[PDB]
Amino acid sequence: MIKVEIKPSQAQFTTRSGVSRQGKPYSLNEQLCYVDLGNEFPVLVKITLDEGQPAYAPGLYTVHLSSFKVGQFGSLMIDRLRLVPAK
């Protein structure tokens, strides 16, 4: 149950682009948020958006289960922080 917050100043993304090694392009959309990690203040995290996904609107989200996968050493890893609306 992680608490994630997109603040009103975080309502948009930025796009980073380029071209893969066997000549193919890519375009990454990045948005910022605040993840509450139990410290005094929420932490700033960058989240890479999915292909065809718009930026998350201001509000409170939690983390969707598809953000995780088993990594190549057999442990759990975060793949992409994918968010669902809270409560």
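Start at 1 with the first residue shown and count on from there.
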Averaging only over Cα atoms, indicate whether 20-28 or 60-68 has the higher B-factor in the PDB entry. 20-28
Per the PDB entry, mean CA B-factor is higher for 51-59 or 30-38, namely for 51-59
Identify, among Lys3, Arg80, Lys7, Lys87, the residue whose C-alpha carries the highest B-factor in the deposited PDB entry. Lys87
Just say lowest, middle or highest third for the CA B-factor of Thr14 relative to the other modelled residues in its chain. middle
